[PDB]
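First the structure, in the form of structure tokens, and then the observations on it.
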Ligand SMILES: Nc1ncnc2c1ncn2[C@@H]1O[C@H](COP(=O)(O)OP(=O)(O)NP(=O)(O)O)[C@@H](O)[C@H]1O
Ligand SMILES: Nc1ncnc2c1ncn2[C@@H]1O[C@H](COP(=O)(O)OP(=O)(O)OP(=O)(O)O)[C@@H](O)[C@H]1O
Ligand SMILES: [Mg+2]
Ligand SMILES: [Mg+2]
């Protein structure tokens with residue numbers, strides 16, 4: 001709860017409403033017109049009532065007031081119908097624009113920034129948090145003008161008839177905003193902690209569901225229910241804390257509304273009897289004056305009670321915007337989105353000078369990397385686990401920020417147009433995932449309109465086509481949750497089929513043949529070795545015998561490339577490569 | 001609408017608190033009609049009496065009536081909300097925990113029939129949708145029926161035609177308009193529940209695959225598919241707004257009809273007299289105020305088509321029978337485990353061919369077994385049979401010469417340690433990622449197993465208190481692999497199923513890990529699956545699989561001499 005921060009969020013919330021400014025002014029007009037028709041409605045009602053009650057005028061004589069009273073009722077229902085639909089149309093246009101902005105920054109953020117929250121926390125930030133800003137735009141924004149205009153208009157119709165009745169309304173009017181702000185001053189912070197507890201419960205649920213097998217194996221059924229119980233218990237307590245502030249504020253505002261309706265009734269009832277005689281312009285208090293000041297007594301405080309109701313929709317929006325603003329402020333991998341693009345589709349030349357790769361938090365994942373890789377040459381990344389081999393491939397993909405220099409064809413990577421840069425990249429990642437629905441939709445991820453020959457050629461090269469007969473629908477089978485339908489080795493070859501289906505300028509293989517046996521690896525490594533010669537290639541691998549024709553071998557340790565050179569030079573030169581090759585074929 | 005019965009029955013745990021909210025919702029309404037109705041009569045009766053009425057007109061009783069009704073109106077509504085919202089969100093919290101408890105028994109195969117993004121929507125979003133059922137369906141409907149009867153009966157003493165005309169309109173609107181708006185908004189509500197879960201699934205799938213989608217240029221056309229769902233979702237959201245707008249417009253016209261009718265009919269005569277006087281305002285102001293009892297009535301049934309759609313989702317999830325069920329008999333975990341398989345067969349759900357075809361092997365207590373084969377030959381399927389992920393068809397598995405289906409689950413999980421092929425890093429801290437197995441382990445024990453497995457790096461900085469997984473530090477591929485081994489080494493079970501434990505590990509780490517496993521996993525039954533033929537000379541039996549069947553079997557020396565399929569693997 002920082003007032004400086006909550007003022008930044010309200011400023012940001014108000015900025016998004018400019019797209020629907022015209023619709024927010026029509027509802028401000030229609031709300032005022034409803035206030036006009038309410039006054040016209042009770043003026044006719046008071047005149048009809050006084051004529052029948054006091055002057056005993058027959059109903060068949062009062063036909064003009066009845067016709068006009070019905071006409072007001074028909075127009076009242078029309079304006080209420082228009083204002084409700086106009087308010088919604090403004091609200092959903094702002095919500096759509098806000099969500100488009102958030103989804104736009106998730107395309108640019110990349111996996112390394114999407115990994116900064118649980119995937120269930122993102123879902124409740126795009127669906128629940130954005131959709132709870134609706135009542136701020138649809139309801140609260142038009143209500144600020146109606147809470148001041150209509151109540152003032154109500155009492156302008158009462159001063160001429162009876163000033164004492166209006167001072168009853170004006171006497172209580174300032175108390176409502178004072179208690180509206182006093183009660184709901186902590187409502188914006190309670191909503192922020194309410195979405196914090198929802199984002200934890202949503203994010204903690206989907207993480208357990210995605211890793212639901214490891215919970216079954218270790219017998220964590222009782223322990224995960226208790227953790228969901230605690231996560232859901234906090235959400236229930238945060239939700240009720242938010243609601244108690246809405247009920248207390250609405251209860252207090254209704255208390256002043258009800259008493260003023262009672263005071264108006266008591267004042268007029270006593271005035272007619274002569275118990276108290278003031279505020280009537282030295283003329284006998286008429287019955288129509290009392291009825292007018294009694295029908296408009298609830299309607300004077302309606303706009304104020306709706307402002308109190310919608311003031312907690314504003315607190316709901318401010319709490320919901322606390323986490324969207326944080327996301328939209330944090331800088332991405334590259335501070336400025338690049339516009340430069342390299343023209344040719346020829347193999348690119350990679351260069352690094354004092355290149356440091358850092359995590360989104362700020363931790364460096366690879367130390368000073370000095371290397372060069374000419375066009376068309378292929379390199380091999382080799383080293384211990386945690387040495388930074390995959391972090392280098394993530395920085396070449398544009399997923400991670402880097403401090404030093406990393407130039408592609410002499411052009412800094414931070415300056416390259418990311419959308420046009422990925423068109424020159426194919427890759428097999430460590431623990432590859434299959435996003436698309438089917439096996440054919442996954443292999444054709446790069447270009448879904450590829451020919452049958454080019455799809456068949458990729459499936460043959462990647463050894464995918466041999467296990468197709470086992471699949472029921474063939475190449476059109478679904479793959480399910482986290483590629484459940486396939487085994488890890490079969491999912492590996494489908495990921496390899498993606499990389500080989502389109503030509504590229506830089507191929508980033510990251511353990512491309514994992515979860516494969518001796519023979520299936522050899523069949524796949526024929527396709528990957530052939531593909532590695534068509535462009536610049538850089539693979540990370542633990543096999544050391546099979547690689548002998550690769551143009552250079554990089555040995556990474558603690559984020560630094562400590563050796564370079566061919567297999568013939570490195571194998572017999574000692575150093576980390578020989579020691580790391582010593583454990584290879586140790587028993588053979 | 002019959003799908004709401006399992007959820008209306010959740011009233012019974014909060015029957016007093018939820019029925020108290022109904023009573024307070026009637027007292028609040030009754031005081032609300034009274035305040036405007038008393039004021040309307042009090043003003044008209046006071047004016048008719050005039051100055052001469054003083055000293056003869058009891059004006060103190062109505063003066064206390066409006067003061068009493070004003071306090072009752074504001075206090076009752078506040079306490080109704082406090083007591084009705086408190087009970088509603090205790091029911092929703094119990095129902096959310098209940099829905100989550102149905103997930104683990106369905107974990108291997110039941111959850112595969114579902115989508116992971118819509119399962120999240122069912123537990124956190126569809127459960128919250130049911131607050132409409134407990135907050136604004138029962139209390140408004142039965143609150144608005146008792147109030148009308150009280151108003152109609154009370155107004156019946158003064159006149160009969162007037163009371164039944166006002167009460168008739170008030171019931172003809174309570175009984176005809178809600179079902180009309182339930183039917184009108186039934187189709188929209190179904191879409192509105194279905195499209196929210198479709199969007200949350202497509203969004204989470206799009207967020208989880210952002211590495212693969214971004215580089216292959218598929219994020220743009222998966223966001224277009226994602227954006228389209230929102231267009232359809234926002235369209236269904238708009239239709240529910242047009243019905244709410246039409247609900248308020250119609251409800252305002254019905255209240256207009258009651259006010260017009262009372263003015264036109266009470267003036268003719270109230271109770272049989274030509275000059276009703278103050279009684280004209282007694283009926284007009286009642287009809288002017290009685291229709292706030294029907295304010296939430298129409299919206300109660302309109303949003304019911306979306307609540308029923310949500311209720312079917314939870315009902316579908318909680319009506320799933322798990323495929324694997326466990327005995328309740330308590331048993332002690334043995335110290336030695338020897339497993340026997342006899343013609344185990346298994347077909348995956350919705351499949352024709354068999355993943356396992358007549359597998360039979362005998363693993364003695366303390367023997368170390370290595371399983372080998374091509375990819376897709378059923379190596380992990382075999383290891384998940386031993387974990388009771390599925391029930392084998394026409395096959396029998398035996399642990400210590402007793403069926404594996406005769407073990408208590410709390411005893412089956414304590415007698416088997418598994419290193420899965422795919423490791424999962426939970427979002428919890430490093431300590432809680434290691435406390436899945438051996439929850440009673442101390443911090444000194446946790447740190448020691450990390451040093452042995454080569455993860456002494458994780459002890460730096462925050463260390464054990466460091467947040468891992470999504471929202472924290474993400475370990476590398478070879479560091480997840482050694483964290484799974486750390487989990488199984490902490491579990492310390494007699495039977496250990498290793499599914500490619502040394503995968504994605506360099507030669508130095510694999511040598512250190514294999515050296516650790518040999519020393520750590522002594523006098524332990526081990527079924528070590530790898531595609532790596534290193535260190536197989538120390539395994540009593542080597543099993544070679546192909547297409548769900550065991551092809552070869554023997555010691556490392558025997559298999560090389562026979563020059564079987566293991567020979568081409570090695571050479
Ligand atoms: N987001 C992150 N934040 C902090 N540390 C990280 C992050 N990602 C990785 N690391 C650490 O940075 C180091 C290098 O990671 P990584 O580059 O993935 O290793 P690697 O080269 O892939 N070796 P391997 O395990 O075989 O894949 C390891 O110690 C990781 O634990
Ligand atoms: N969830 C599933 N539903 C249907 N079929 C499956 C499922 N998982 C695996 N299969 C099928 O079972 C066969 C082999 O299963 P399994 O995953 O045990 O092989 P594997 O030996 O583990 O493969 P790898 O060694 O490459 O990991 C494959 O042909 C695959 O198509
Ligand atoms: Mg890696
Ligand atoms: Mg497997």
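Even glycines carry a Cβ here, placed using N, Cα and C.
Lifted from Swiss-Prot, the feature list:
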type	residues	note
BINDING	B:373, B:374, B:375, B:376, B:377, B:378, B:379, B:380	ATP binding site
DOMAIN	B:20-306	domain 'ABC transmembrane type-1'
TOPO_DOM	B:1-15	topological domain 'Cytoplasmic'
TOPO_DOM	B:58-136	topological domain 'Cytoplasmic'
TOPO_DOM	B:158-161	topological domain 'Periplasmic'
TOPO_DOM	B:183-249	topological domain 'Cytoplasmic'
TOPO_DOM	B:271-276	topological domain 'Periplasmic'
TRANSMEM	B:16-36	transmembrane segment
TRANSMEM	B:37-57	transmembrane segment
TRANSMEM	B:137-157	transmembrane segment
TRANSMEM	B:162-182	transmembrane segment
TRANSMEM	B:250-270	transmembrane segment
TRANSMEM	B:277-297	transmembrane segment
Summary of DSSP states over the topological domain 'Cytoplasmic' (B:183-249), given as helix, strand and coil counts: 62 helix, 0 strand, 5 coil
Beyond the flanks of the topological domain 'Cytoplasmic' (B:1-15) by at least 6 residues, Cβ under 8 Å: 87, 90-91, 94-95, 130, 133-134, 304, 307-308, 311-312, 314-315
Other C-beta atoms that fall within 10 angstroms of the C-beta of residue B:375 (ATP binding site): 24
Those binding-site residues in B:373, B:374, B:375, B:376, B:377, B:378 whose CB falls under 6 A of ligand 4, listed in sequence order: none
Close in space, distant in sequence - residue B:377 (ATP binding site), Cβ under 8 Å, 6 or more apart: B:545, B:546, B:547, B:548
Contact set, same chain, for the topological domain 'Periplasmic' (B:158-161): CB under 8 Å, 6 or more residues outside the stretch: 265-266, 270-272, 279, 282-283
Outside the transmembrane segment (B:162-182), six or more residues from its ends: residues with CB under 8 Å to it: 141, 144-145, 148-149, 151-156, 243, 247, 250-251, 254, 257-258, 261-262, 265-266, 270, 283, 286-287, 290-291, 293-294, 297-302, 304-305
DSSP state at residue B:373 (ATP binding site), helix/strand/coil: strand
Counts of helix, strand and coil residues, the topological domain 'Periplasmic' (B:271-276), according to DSSP: 0 helix, 0 strand, 6 coil
DSSP residue counts for the topological domain 'Periplasmic' (B:158-161), split into helix, strand and coil: 2 helix, 0 strand, 2 coil
Cβ-based isolation winner (fewest other Cβ atoms within 10 Å) among the binding-site residues B:374, B:379: B:374
Tertiary contacts of the topological domain 'Periplasmic' (B:271-276), as residues 6+ beyond its ends and Cβ separation under 8 Å: 158-159
Residue B:380 (ATP binding site), number of other Cβ atoms within 10 Å: 23
DSSP-derived helix, strand and coil totals, residue by residue, for the topological domain 'Cytoplasmic' (B:58-136): 67 helix, 0 strand, 12 coil
Residues of the topological domain 'Cytoplasmic' (B:1-15) by DSSP state, where helix covers H, G and I: 14 helix, 0 strand, 1 coil
Secondary structure at residue B:378 (ATP binding site), reduced by DSSP to three states: coil
Cβ neighbour count (within 10 Å, all chains shown) around residue B:378 (ATP binding site): 24
